[PDB]
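Enquirer: Got structure-v2.cif for you, mmCIF, C-alpha atoms:
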```
data_data
#
loop_
_atom_site.label_atom_id
_atom_site.label_comp_id
_atom_site.auth_asym_id
_atom_site.auth_seq_id
_atom_site.Cartn_x
_atom_site.Cartn_y
_atom_site.Cartn_z
CA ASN A 165 7.38 12.72 6.07
CA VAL A 166 10.48 11.58 8.00
CA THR A 167 13.64 9.90 6.79
CA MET A 168 16.27 8.20 8.86
CA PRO A 169 19.23 6.68 6.99
CA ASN A 170 21.50 3.85 8.07
CA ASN A 171 25.17 4.48 7.83
CA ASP A 172 26.48 1.84 10.22
CA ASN A 173 27.75 -1.50 8.91
CA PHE A 174 24.92 -3.52 10.26
CA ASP A 175 21.31 -4.44 9.67
CA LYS A 176 19.00 -2.13 11.73
CA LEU A 177 15.69 -3.49 13.09
CA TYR A 178 12.71 -1.07 13.38
CA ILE A 179 9.70 -1.90 15.46
CA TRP A 180 6.76 0.37 14.89
CA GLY A 181 2.99 0.33 14.68
CA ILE A 182 -0.36 1.88 13.85
CA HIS A 183 -3.36 2.68 16.08
CA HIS A 184 -6.94 1.59 15.52
CA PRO A 185 -9.65 3.74 17.15
CA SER A 186 -12.99 2.54 18.50
CA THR A 187 -15.20 5.31 16.90
CA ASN A 188 -15.06 7.31 13.68
CA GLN A 189 -14.86 10.10 16.19
CA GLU A 190 -12.07 8.70 18.32
CA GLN A 191 -10.06 9.10 15.15
CA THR A 192 -11.17 12.71 14.45
CA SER A 193 -10.48 13.39 18.10
CA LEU A 194 -6.88 12.14 17.94
CA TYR A 195 -5.61 12.33 14.43
CA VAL A 196 -7.88 14.91 12.80
CA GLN A 197 -8.00 13.14 9.47
CA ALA A 198 -11.02 10.82 9.15
CA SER A 199 -8.78 8.01 7.93
CA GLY A 200 -5.23 7.35 9.08
CA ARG A 201 -2.43 6.02 6.84
CA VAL A 202 1.09 4.78 7.63
CA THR A 203 3.94 3.83 5.32
CA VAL A 204 7.42 2.58 6.21
CA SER A 205 9.86 1.86 3.35
CA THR A 206 13.35 1.64 2.03
CA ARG A 207 14.95 1.40 -1.39
CA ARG A 208 14.07 -2.33 -1.56
CA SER A 209 11.20 -2.54 0.96
CA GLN A 210 7.80 -0.82 1.40
CA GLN A 211 4.74 -1.60 3.43
CA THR A 212 1.66 0.56 4.05
CA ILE A 213 -1.19 0.22 6.48
CA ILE A 214 -4.66 1.87 6.95
CA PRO A 215 -6.45 1.80 10.34
CA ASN A 216 -9.58 -0.25 10.88
CA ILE A 217 -11.83 1.83 13.12
CA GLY A 218 -14.04 -0.16 15.41
CA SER A 219 -14.91 -1.81 18.66
CA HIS B 56 20.69 -29.09 -19.84
CA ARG B 57 19.32 -25.84 -21.25
CA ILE B 58 21.24 -23.13 -19.46
CA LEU B 59 20.39 -19.46 -19.70
CA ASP B 60 22.73 -16.84 -18.26
CA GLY B 61 20.61 -14.21 -16.65
CA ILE B 62 23.64 -12.06 -17.05
CA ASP B 63 22.61 -8.70 -15.55
CA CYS B 64 18.99 -9.55 -15.73
CA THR B 65 17.17 -11.23 -12.83
CA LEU B 66 14.34 -13.56 -13.80
CA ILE B 67 11.70 -11.26 -12.45
CA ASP B 68 13.15 -8.27 -14.37
CA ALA B 69 13.55 -10.47 -17.44
CA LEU B 70 9.86 -11.13 -16.86
CA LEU B 71 8.49 -7.67 -16.36
CA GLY B 72 10.71 -6.37 -19.12
CA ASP B 73 13.27 -4.01 -17.59
CA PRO B 74 14.49 -1.50 -20.15
CA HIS B 75 17.61 -3.60 -20.43
CA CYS B 76 16.45 -7.17 -20.39
CA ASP B 77 14.83 -6.85 -23.74
CA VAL B 78 17.64 -9.19 -24.80
CA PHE B 79 15.90 -12.01 -22.85
CA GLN B 80 12.55 -11.60 -24.67
CA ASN B 81 10.34 -14.63 -25.23
CA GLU B 82 13.15 -16.78 -23.68
CA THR B 83 12.97 -20.37 -22.46
CA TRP B 84 14.99 -22.86 -20.47
CA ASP B 85 15.59 -25.74 -18.13
CA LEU B 86 17.75 -23.89 -15.59
CA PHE B 87 17.74 -20.09 -15.31
CA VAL B 88 20.87 -18.91 -13.62
CA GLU B 89 20.63 -15.70 -11.67
CA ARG B 90 23.86 -13.73 -11.32
CA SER B 91 25.24 -11.57 -8.49
CA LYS B 92 26.55 -8.61 -10.45
CA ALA B 93 22.86 -8.53 -11.46
CA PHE B 94 20.63 -5.50 -11.29
CA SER B 95 17.36 -3.85 -12.25
CA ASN B 96 17.24 -0.47 -14.04
CA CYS B 97 13.61 0.56 -14.27
CA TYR B 98 10.76 2.21 -12.27
CA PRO B 99 11.49 0.92 -8.80
CA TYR B 100 9.03 -1.78 -7.70
CA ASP B 101 7.87 -4.19 -5.01
CA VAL B 102 6.57 -7.71 -5.74
CA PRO B 103 4.67 -9.06 -2.74
CA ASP B 104 5.45 -12.74 -2.39
CA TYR B 105 8.22 -12.20 -4.90
CA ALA B 106 9.48 -15.63 -3.95
CA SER B 107 6.57 -17.41 -5.51
CA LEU B 108 6.12 -15.16 -8.56
CA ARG B 109 9.74 -16.27 -9.07
CA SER B 110 9.57 -19.89 -8.18
#
```
Mind turning the file's structure into structure tokens?

Expert:
Amino acid sequence: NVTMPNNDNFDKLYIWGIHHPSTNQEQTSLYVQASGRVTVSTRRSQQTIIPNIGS
Amino acid sequence: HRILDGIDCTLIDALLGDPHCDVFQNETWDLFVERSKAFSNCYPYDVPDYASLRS
């Protein structure tokens, strides 16, 4: 749960991402949880993604 | 024309039924005018493809 405000007087652009594993185990291996989840929002925004495990 | 001052209400909010747009119930028009001083005061929300739900 991280928060990072914007105080400056200009629009900030964030480039991020999410990782998709090849096996239901490559997940386990790396992220423990059997099903990732990522959310990036703001007071007006909001977008959430869930990994698609596969090959 | 049939002009309708959105006043503080934004068409979407007038739609959903913000606690304070009750005033604009069952409204109608020809040209809905959206104002700047306008705001929404109700459970924050996100309308995907807001543009269209608007348009």

Enquirer: State, in Å with one decimal place, the distance from atom CA of residue A:165 to atom CA of residue B:102.

Expert: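 Distance between the two atoms: 23.6 Å.
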
Enquirer: The PyMOL selection byres ((chain B) within 12 of (chain A)) on the file shown: which residues, as an MDAnalysis selection string?

Expert: chainID B and resid 95 98:103 105

Enquirer: Between atom CA of residue B:70 and atom CA of residue A:206, what is the spacing in Å?

Expert: 23.1 Å

Enquirer: Just so the selection is clear, what residues does the PyMOL selection byres ((chain A and resi 172-186) around 6) cover here, as a ChimeraX atom specification?

Expert: /A:170-171,187,190-191,215-219

Enquirer: Which residues are close to residue B:85, i.e. within 8 Å by all atoms listed in the file, leaving aside same-chain residues fewer than 2 positions away? Reply as a ChimeraX atom specification.

Expert: /B:56-58,83,87

Enquirer: Let me see the file: selected residues, C-alpha atoms, as a PDB file, in the frame of the given file.

Expert:
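Result file part.pdb:
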```
ATOM      1  CA  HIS B  56      20.690 -29.090 -19.840  1.00  0.00           C
ATOM      2  CA  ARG B  57      19.320 -25.840 -21.250  1.00  0.00           C
ATOM      3  CA  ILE B  58      21.240 -23.130 -19.460  1.00  0.00           C
ATOM      4  CA  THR B  83      12.970 -20.370 -22.460  1.00  0.00           C
ATOM      5  CA  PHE B  87      17.740 -20.090 -15.310  1.00  0.00           C
TER       6      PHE B  87
END
```

Enquirer: Do you know which residues the PyMOL selection byres ((chain B and resi 81) around 12) returns on this file, as a list in words?

Expert: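 Expected selection for the PyMOL selection byres ((chain B and resi 81) around 12) here is residues 69, 70, 71, 72, 76, 77, 78, 79, 80, 82, 83 and 84 of chain B.
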
Enquirer: What does the distance from atom CA of residue A:212 to atom CA of residue A:199 come to in Å, to one decimal?

Expert: 13.4 Å

Enquirer: Can you take the partial stretch 179-210 of chain A, add N, CA and C atoms, and return it as a compact mmCIF listing (two decimals), keeping the file's coordinate frame?

Expert:
```
# COMPACT_ATOMS: atom_id res chain seq x y z
N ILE A 179 10.96 -1.39 15.02
CA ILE A 179 9.70 -1.90 15.46
C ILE A 179 8.81 -0.72 15.68
N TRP A 180 7.76 -0.67 14.86
CA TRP A 180 6.76 0.37 14.89
C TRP A 180 5.32 -0.15 14.94
N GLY A 181 4.37 0.73 14.63
CA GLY A 181 2.99 0.33 14.68
C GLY A 181 2.05 1.37 14.17
N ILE A 182 0.75 1.06 14.30
CA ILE A 182 -0.36 1.88 13.85
C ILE A 182 -1.49 1.66 14.84
N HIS A 183 -2.26 2.71 15.11
CA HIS A 183 -3.36 2.68 16.08
C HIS A 183 -4.73 2.62 15.48
N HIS A 184 -5.58 1.74 16.01
CA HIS A 184 -6.94 1.59 15.52
C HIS A 184 -7.90 2.12 16.53
N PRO A 185 -8.68 3.18 16.19
CA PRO A 185 -9.65 3.74 17.15
C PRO A 185 -10.97 2.97 17.27
N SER A 186 -11.67 3.17 18.38
CA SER A 186 -12.99 2.54 18.50
C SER A 186 -14.13 3.22 17.67
N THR A 187 -14.18 4.56 17.66
CA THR A 187 -15.20 5.31 16.90
C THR A 187 -14.58 6.29 15.89
N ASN A 188 -15.36 6.46 14.82
CA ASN A 188 -15.06 7.31 13.68
C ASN A 188 -14.81 8.65 14.20
N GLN A 189 -15.10 8.83 15.49
CA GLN A 189 -14.86 10.10 16.19
C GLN A 189 -13.61 10.01 17.07
N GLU A 190 -13.25 8.80 17.49
CA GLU A 190 -12.07 8.70 18.32
C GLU A 190 -10.92 8.99 17.41
N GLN A 191 -11.11 8.77 16.10
CA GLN A 191 -10.06 9.10 15.15
C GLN A 191 -9.99 10.62 15.16
N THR A 192 -11.00 11.24 14.56
CA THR A 192 -11.17 12.71 14.45
C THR A 192 -10.50 13.38 15.65
N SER A 193 -10.93 12.91 16.82
CA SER A 193 -10.48 13.39 18.10
C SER A 193 -8.99 13.46 18.16
N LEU A 194 -8.34 12.32 17.88
CA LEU A 194 -6.88 12.14 17.94
C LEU A 194 -6.01 12.48 16.74
N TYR A 195 -6.46 12.11 15.56
CA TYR A 195 -5.61 12.33 14.43
C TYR A 195 -6.18 13.26 13.38
N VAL A 196 -7.25 13.97 13.72
CA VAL A 196 -7.88 14.91 12.80
C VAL A 196 -8.39 14.19 11.61
N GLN A 197 -7.53 13.89 10.64
CA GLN A 197 -8.00 13.14 9.47
C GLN A 197 -8.98 11.97 9.79
N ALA A 198 -10.01 11.85 8.96
CA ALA A 198 -11.02 10.82 9.15
C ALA A 198 -10.54 9.43 8.79
N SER A 199 -9.31 9.30 8.33
CA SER A 199 -8.78 8.01 7.93
C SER A 199 -7.27 8.01 7.87
N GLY A 200 -6.67 7.44 8.92
CA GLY A 200 -5.23 7.35 9.08
C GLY A 200 -4.56 6.69 7.90
N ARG A 201 -3.23 6.64 7.91
CA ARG A 201 -2.43 6.02 6.84
C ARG A 201 -1.00 6.04 7.34
N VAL A 202 -0.30 4.91 7.21
CA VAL A 202 1.09 4.78 7.63
C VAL A 202 1.90 3.99 6.63
N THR A 203 3.08 4.51 6.27
CA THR A 203 3.94 3.83 5.32
C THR A 203 5.37 3.84 5.82
N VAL A 204 6.03 2.70 5.77
CA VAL A 204 7.42 2.58 6.21
C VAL A 204 8.16 1.85 5.10
N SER A 205 9.13 2.51 4.46
CA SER A 205 9.86 1.86 3.35
C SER A 205 11.35 2.02 3.31
N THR A 206 11.92 1.52 2.24
CA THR A 206 13.35 1.64 2.03
C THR A 206 13.52 1.55 0.54
N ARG A 207 14.76 1.53 0.05
CA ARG A 207 14.95 1.40 -1.39
C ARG A 207 14.39 0.03 -1.88
N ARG A 208 14.58 -1.04 -1.11
CA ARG A 208 14.07 -2.33 -1.56
C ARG A 208 12.73 -2.75 -0.95
N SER A 209 12.42 -2.22 0.23
CA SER A 209 11.20 -2.54 0.96
C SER A 209 10.00 -1.66 0.57
N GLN A 210 9.04 -1.59 1.50
CA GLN A 210 7.80 -0.82 1.40
C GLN A 210 6.60 -1.58 1.92
```
